[PDB]
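Let's start with one chain on its own, the form deposited in one PDB entry, as structure tokens.
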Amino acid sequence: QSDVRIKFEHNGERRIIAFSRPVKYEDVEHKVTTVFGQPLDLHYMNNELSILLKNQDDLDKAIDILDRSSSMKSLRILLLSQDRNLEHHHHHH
């Protein structure tokens, strides 16, 4: 069992990206964040419950559930923009 296939969804668009284990949440975020840009939020949905990936702990929790399932092949991770960016320049007082 090598190469982790992760399916990312953004505004309906789908993308297939493979990862070589061991895979670190920090490393994945750095790569994904650059692909779609920043700042962005990582939303993970299993089926009935949804958990926001904040730390590596949440990352391993997702895999554990997937391993138990017979459909352990791809991952359903949806990322969405937080709407409105913070980058002011200048203004009158």
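Note that residue numbering begins at 1 and tracks the sequence as displayed.
As for the form deposited with a partner chain bound, it is not shown, yet the points below apply to it.
- For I16, a non-hydrogen atom is located within 4.5 Å of its partner chain in the entry with it bound, even though that partner is not displayed.
- The shortest heavy atom separation between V35 and its partner chain in the entry with it bound is within 4.5 Å.
- Not displayed here, its partner chain is approached by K31 to within 4.5 Å at the level of heavy atoms in the entry with it bound.
- With a 4.5 Å cutoff on heavy atoms, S74 counts as touching its partner chain in the entry with it bound.
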